[PDB]
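Protein chains in written order, with the authors' numbering: chain L, 293 to 539; chain K, 56 to 728; chain G, 32 to 292.
Positions of the beta carbon are idealized from the N, C-alpha and C atoms, including for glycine.
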Amino acid sequence: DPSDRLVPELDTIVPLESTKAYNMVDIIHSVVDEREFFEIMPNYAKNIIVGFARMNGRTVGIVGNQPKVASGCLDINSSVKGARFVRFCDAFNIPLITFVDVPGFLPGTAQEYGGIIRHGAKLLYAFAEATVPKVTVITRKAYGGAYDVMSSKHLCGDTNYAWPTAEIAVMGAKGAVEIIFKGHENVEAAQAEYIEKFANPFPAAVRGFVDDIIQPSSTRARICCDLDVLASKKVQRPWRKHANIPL
Amino acid sequence: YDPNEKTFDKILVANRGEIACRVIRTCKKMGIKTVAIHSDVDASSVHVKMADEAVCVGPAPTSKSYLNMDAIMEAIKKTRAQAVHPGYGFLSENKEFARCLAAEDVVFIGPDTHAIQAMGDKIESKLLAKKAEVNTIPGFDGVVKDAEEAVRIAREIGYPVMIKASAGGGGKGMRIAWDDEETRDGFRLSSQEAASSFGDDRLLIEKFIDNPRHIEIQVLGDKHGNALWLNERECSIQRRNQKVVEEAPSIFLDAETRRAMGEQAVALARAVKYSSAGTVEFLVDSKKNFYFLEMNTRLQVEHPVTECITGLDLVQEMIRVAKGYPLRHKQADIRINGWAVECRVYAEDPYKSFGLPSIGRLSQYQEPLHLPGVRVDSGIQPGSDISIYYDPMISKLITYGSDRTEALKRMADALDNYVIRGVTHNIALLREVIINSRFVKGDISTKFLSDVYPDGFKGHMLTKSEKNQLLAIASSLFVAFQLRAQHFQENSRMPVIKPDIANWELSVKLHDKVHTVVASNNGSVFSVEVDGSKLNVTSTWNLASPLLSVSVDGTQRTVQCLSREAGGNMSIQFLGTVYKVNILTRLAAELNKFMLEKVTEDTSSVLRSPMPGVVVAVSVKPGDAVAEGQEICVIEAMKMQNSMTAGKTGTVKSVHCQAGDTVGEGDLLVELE
Amino acid sequence: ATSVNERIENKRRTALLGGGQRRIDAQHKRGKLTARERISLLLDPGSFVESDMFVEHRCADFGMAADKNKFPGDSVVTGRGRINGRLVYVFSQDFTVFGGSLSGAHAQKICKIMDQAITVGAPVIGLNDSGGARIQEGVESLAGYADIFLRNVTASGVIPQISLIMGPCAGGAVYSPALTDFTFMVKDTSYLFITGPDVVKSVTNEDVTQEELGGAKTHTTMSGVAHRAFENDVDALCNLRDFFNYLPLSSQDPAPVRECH
Ligand SMILES: CCC(=O)SCCNC(=O)CCNC(=O)[C@H](O)C(C)(C)COP(=O)(O)OP(=O)(O)OC[C@H]1O[C@@H](n2cnc3c(N)ncnc32)[C@H](O)[C@@H]1OP(=O)(O)O
Ligand SMILES: Nc1ncnc2c1ncn2[C@@H]1O[C@H](COP(=O)(O)OP(=O)(O)OP(=O)(O)O)[C@@H](O)[C@H]1O
Ligand SMILES: *C(=O)CCCC[C@@H]1SC[C@@H]2NC(=O)N[C@@H]21
Ligand SMILES: [Mg+2]
Numbered sequence: 293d294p295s296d297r298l299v300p301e302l303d304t305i306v307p308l309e310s311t312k313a314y315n316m317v318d319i320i321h322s323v324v325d326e327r328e329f330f331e332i333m334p335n336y337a338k339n340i341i342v343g344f345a346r347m348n349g350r351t352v353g354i355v356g357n358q359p360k361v362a363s364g365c366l367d368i369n370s371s372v373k374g375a376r377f378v379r380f381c382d383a384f385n386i387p388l389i390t391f392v393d394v395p396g397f398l399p400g401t402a403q404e405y406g407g408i409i410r411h412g413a414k415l416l417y418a419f420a421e422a423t424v425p426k427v428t429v430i431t432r433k434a435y436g437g438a439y440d441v442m443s444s445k446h447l448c449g450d451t452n453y454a455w456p457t458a459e460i461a462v463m464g465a466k467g468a469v470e471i472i473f474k475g476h477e478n479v480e481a482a483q484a485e486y487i488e489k490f491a492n493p494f495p496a497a498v499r500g501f502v503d504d505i506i507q508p509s510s511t512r513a514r515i516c517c518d519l520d521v522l523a524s525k526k527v528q529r530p531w532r533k534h535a536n537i538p539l
Numbered sequence: 056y057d058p059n060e061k062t063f064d065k066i067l068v069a070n071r072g073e074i075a076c077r078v079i080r081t082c083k084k085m086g087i088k089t090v091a092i093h094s095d096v097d098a099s100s101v102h103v104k105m106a107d108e109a110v111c112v113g114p115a116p117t118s119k120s121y122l123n124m125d126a127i128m129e130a131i132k133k134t135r136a137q138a139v140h141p142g143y144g145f146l147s148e149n150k151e152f153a154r155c156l157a158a159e160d161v162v163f164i165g166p167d168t169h170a171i172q173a174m175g176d177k178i179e180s181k182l183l184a185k186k187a188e189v190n191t192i193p194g195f196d197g198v199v200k201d202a203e204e205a206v207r208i209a210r211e212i213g214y215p216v217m218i219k220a221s222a223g224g225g226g227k228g229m230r231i232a233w234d235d236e237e238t239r240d241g242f243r244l245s246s247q248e249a250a251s252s253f254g255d256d257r258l259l260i261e262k263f264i265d266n267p268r269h270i271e272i273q274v275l276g277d278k279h280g281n282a283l284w285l286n287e288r289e290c291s292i293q294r295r296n297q298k299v300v301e302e303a304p305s306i307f308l309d310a311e312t313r314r315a316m317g318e319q320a321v322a323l324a325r326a327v328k329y330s331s332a333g334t335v336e337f338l339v340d341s342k343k344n345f346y347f348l349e350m351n352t353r354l355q356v357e358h359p360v361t362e363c364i365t366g367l368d369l370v371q372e373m374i375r376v377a378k379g380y381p382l383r384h385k386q387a388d389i390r391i392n393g394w395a396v397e398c399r400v401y402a403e404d405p406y407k408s409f410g411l412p413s414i415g416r417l418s419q420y421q422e423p424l425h426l427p428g429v430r431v432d433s434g435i436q437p438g439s440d441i442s443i444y445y446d447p448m449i450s451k452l453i454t455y456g457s458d459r460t461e462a463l464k465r466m467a468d469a470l471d472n473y474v475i476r477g478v479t480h481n482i483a484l485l486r487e488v489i490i491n492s493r494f495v496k497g498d499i500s501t502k503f504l505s506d507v508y509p510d511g512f513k514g515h516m517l518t519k520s521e522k523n524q525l526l527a528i529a530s531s532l533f534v535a536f537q538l539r540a541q542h543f544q545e546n547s548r549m550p551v552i553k554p555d556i557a558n559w560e561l562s563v564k565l566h567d568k569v570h571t572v573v574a575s576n577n578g579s580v581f582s583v584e585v586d587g588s589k590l591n592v593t594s595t596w597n598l599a600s601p602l603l604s605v606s607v608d609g610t611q612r613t614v615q616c617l618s619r620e621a622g623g624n625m626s627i628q629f630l631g632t633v634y635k636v637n638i639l640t641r642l643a644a645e646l647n648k649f650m651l652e653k654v655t656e657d658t659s660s661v662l663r664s665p666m667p668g669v670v671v672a673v674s675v676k677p678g679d680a681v682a683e684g685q686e687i688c689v690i691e692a693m694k695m696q697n698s699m700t701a702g703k704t705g706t707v708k709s710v711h712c713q714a715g716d717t718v719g720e721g722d723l724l725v726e727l728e
Numbered sequence: 032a033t034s035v036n037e038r039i040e041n042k043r044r045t046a047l048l049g050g051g052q053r054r055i056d057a058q059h060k061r062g063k064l065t066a067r068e069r070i071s072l073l074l075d076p077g078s079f080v081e082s083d084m085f086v087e088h089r090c091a092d093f094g095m096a097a098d099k100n101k102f103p104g105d106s107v108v109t110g111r112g113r114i115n116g117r118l119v120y121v122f123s124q125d126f127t128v129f130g131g132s133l134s135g136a137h138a139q140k141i142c143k144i145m146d147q148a149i150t151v152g153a154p155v156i157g158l159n160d161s162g163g164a165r166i167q168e169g170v171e172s173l174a175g176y177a178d179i180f181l182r183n184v185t186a187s188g189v190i191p192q193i194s195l196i197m198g199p200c201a202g203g204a205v206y207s208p209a210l211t212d213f214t215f216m217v218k219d220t221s222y223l224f225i226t227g228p229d230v231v232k233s234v235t236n237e238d239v240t241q242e243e244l245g246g247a248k249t250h251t252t253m254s255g256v257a258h259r260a261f262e263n264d265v266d267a268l269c270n271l272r273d274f275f276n277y278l279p280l281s282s283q284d285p286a287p288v289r290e291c292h
């Protein structure tokens, strides 16, 4: 499979309006070599996909969110499933590719009583500790602390890309407006200002949190080249016997 | 494509699909700004991104997008549109659209209102043909309202009987009756069908004709009274009364009959005062007795096949005559310059009722533009989706050549190199009908698809040599993948010791038969022994390209590897048909015998959804002991209504097909007992 | 009904055009190239991967919050490329945008490129033409210079740093080229001085022009700051391409060995 192969089918894979979902497995198949993908835990924690694939003949670990199941939210099972795979891939010198489409963590009293904080910290630790090269592509959205849990640029990430339909925000637009403009008594002009000011990849691109805004059709050729230059990545960290993962 | 003469400066096309792309391309040839309309779903179509400017005309459904006429006038008055082109279907033949366009300064590219009124219903067209020395199908003239009168009329006109409702049409309301009791049966069932569909109840009884070869003549006229006939087209091969394979030069007819048909058609066009481009359809029997079927006052979907033999662009002529320029060609200029055959690739499943429409996105899409004598008209692209709101149209594939055989060879080559991944197409059906023996010979009829496949389409019945070739290709592909799996980079710490396998022994399971295969590799050539028969397969063995070109015993073949699995399963497109094989090692095959089969809980008594769509009618109830052949429910999907029956007698346990609901493929809704 | 794609489009166009078409013309009239075509000439064709295209400054003082003072890219083009097949990281200062003077975003982009290069182990090539530091930016410019100096010192002896001065570098922008391994200048168009001639006249009461104060000749003949001088931008870039082949990519690699006939 040629490294510079284009994928025009991904230019409209993400629906233009938010409430509709799509299949991230389609994107994963379109991006990787020969559309071959060995999925790990395909029937458990369906809201996240982890697996092994190849880019330009080199094995890579693929981690992504699933908007089809649970609207892409993160929970205990998905956090553990992603964390173990990320830890293994980092331990055995396997590059990581991440596809981010997450609205946050799944709410409810069942998640709080189960220790959702511990498992979210597990996933965040797994992504933060990783030394192997990491490439991240934000497809549709990344809201709140989940955006940090999904290997953001500030977790010593190597390369971050955002599709033109992406948006990075602190929280939902309606919630942010109602929590910031309580004393203004405006829900129409302020809502429009927020929608066409911060519901877009431009705040992050201006802040430098994403290296570029790339057309989806060029994502594969955009990734392989990166994996060419990051093969010699080497970092140093303070000495320790072993760290204390929040298990 | 001379731009010296004065020509319109802005044209707004009022149609979607491949015809929109074709008309936009033709307009761009003459340096004309082109405006396009689209729904919300089709905002990312190829035609909107190819046109100069695109306007939304409402939501996704056709009723509020391409039938919202007021939206069309609003878009036109917003864009300063000089002209308008409706393509085919939709609003192409609407009198109200024509009068609304005539109210404004905009000009309608096509026939005037008078032609639409004349050809709207079969009664007026039939009487106009009768008074314009036109042969017509024999039978009573006028609307029949009494069942007894209908059966009597059937008695005088003849034993075969056909009932077709006035106006409407488009593949519905046509029934066949044989006896007088069957005549009245058809009478009241057609009355009920007309009431349900349109409510006109203007059904007409006529003398049915057997083996009605469907031929047509392309007529082109201008405002100055000059009219010409553009040779002919042959469109007999149909299912559900829609054409899928059609050919311009009809091999059945000869020169004198073609000239007579052309003169008669131009006389009819002069009588009706047709000043645009249109089609007139005839039903020729086995004795060359021509009969007027219908005249379409719109551009035909199979117009590309007749515009290549004549070597002209028809849309340019249509625009020129819409402007008012005189025709620049005469009847002596119309000449045949070879052969042309073309097929309609749909998004259907040919194994279900000769094509059951299906939905989905296009993961991969590639057309064989580089093959010689190939022309593709498609309104889709990689990433396009097929919804349940529009026709399951994929593409039109046209091949032109010197004669019939070479054109058919090019056509088969074109199907062999056509890549569609994401939806289910009917490429296998087209391949079978274009490689059929009688089709090659020429003996074809309207019911060709029905009587060649009495039990429905089954796929390519590959012969012994073709089976051996397919087995050899599959085994060579398996061995090539296994060999590629052993090519790692140099490690310098743990050197790789490549295995030395002289011969691969495989047990290939195809259909319900196990074949012993011995494969050997010598560079790029594979020697394969299948049950003692020797074959040589040579190829570049590129395992990433969707299309693989191989040579087996000196014969070139094109293969698409649809799927492969580590367990041994492999789906391969051979000769346009997808075959599933199971390739296993001899040791693995012999060890598989000691292993239990998994029980499947689908032993009949299961009524899932054959296609995704909206349920419109339910004929089942929990506890109903319906017999075989009873319709479980009726599903509407993108301009087709299907009522699947019951394969066995049983008592319904639970009904999950609640009325007014959308169900995907395989949605279990009835479980009989 | 979102115009985000169109906004991306004009932002790309504006970033590619830099500080303006007529300012590009004025910058051409003095025998100099723009940063983007400079990079296109320096690197192999079809190999430049740019980073941080949509980054601009943060300053909200002295009227820089206006839409007319928001330049995407912010006076520097940063990325990676290949010379004769070997990876390299490059940054080129854009003299059009605010005179090329450095701000928070400018130094942030350069620091990001330097960090990526030191992580991967590739050399850094810097084309320098800047009037100093944005005065209305504040102490953030001093912080950016300090970060650049720290990264230059940390990477000294680890990866080769090459500096090519192709414009009037002044103020604190002169310490970075002197902190690299090699410094190259372009004749009659590049200057290098800590303090301008006007301040020299005001303080020490003597008259000197820019050419004899910080020109290429006075730094390649009597000052010992620069190592070579080239006729023009094209010649300088070709000679730097020739010179890059001699050096190894990192201190972990041995001396390069080419094909000898
Ligand atoms: C560590 C402390 C420092 O960084 S000291 C910074 C130096 N102090 C100064 O006052 C800047 C003086 N230098 C300059 O103006 C030019 O760079 C010199 C070296 C004179 C080049 O000659 P010349 O071609 O005549 O410049 P120019 O008249 O075309 O000016 C073009 C635009 O560049 C701008 N510029 C330059 N430096 C800064 C700066 N530090 N801060 C803000 N803006 C700067 C100027 O505003 C000038 O703007 P304009 O386009 O002429 O309107
Ligand atoms: N009198 C007839 N005898 C035999 N077959 C007939 C007769 N009338 C129609 N048919 C069959 O029905 C098919 C439908 O013909 P026709 O073109 O009138 O249908 P339509 O789709 O309703 O019309 P149109 O394409 O003109 O809008 C014909 O191709 C032919 O196979
Ligand atoms: C609807 O969205 C597409 C209409 C396609 C028209 C089909 S194909 C040609 C036949 N003639 C006609 O009037 N309907 C049929
Ligand atoms: Mg017809």
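Contact belief for residue i with residue j at Cβ below 8 Å, rounded distance in angstroms
{"i": "L:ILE340", "j": "L:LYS312", "result": "The Cβ separation is near 20 Å, so there is no contact."}
{"i": "G:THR109", "j": "G:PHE122", "result": "4 Å"}
{"i": "K:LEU183", "j": "K:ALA326", "result": "7 Å"}
{"i": "K:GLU336", "j": "K:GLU271", "result": "5 Å"}
is_contact[residue i, chain L] using C-beta, thresh 8 Å
{"i": "K:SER99", "result": "yes"}
{"i": "K:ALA599", "result": "yes"}
{"i": "K:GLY197", "result": "no"}
DSSP-derived helix/strand/coil call for residue i
{"i": "L:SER510", "result": "helix"}
{"i": "K:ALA249", "result": "helix"}
{"i": "L:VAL306", "result": "coil"}
{"i": "K:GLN541", "result": "coil"}
Residue from the options whose Cα sits closest to the Cα of residue i
{"i": "L:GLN507", "options": "L:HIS446, L:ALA468, L:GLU421, L:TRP455", "result": "L:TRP455"}
{"i": "K:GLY225", "options": "K:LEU244, K:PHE253, K:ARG548", "result": "K:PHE253"}
Closer than 7 Å: residue i CB and nearest ligand 2 heavy atom
{"i": "K:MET217", "result": "yes"}
{"i": "K:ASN149", "result": "no"}
Near ligand 1: residue i beta-carbon under 7 Å from a heavy atom
{"i": "G:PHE129", "result": "yes"}
Closer than 7 Å: residue i CB and nearest ligand 4 heavy atom
{"i": "L:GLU488", "result": "no"}
Any chain G beta carbon closer than 8 Å to residue i
{"i": "L:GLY500", "result": "yes"}
{"i": "L:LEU522", "result": "yes"}
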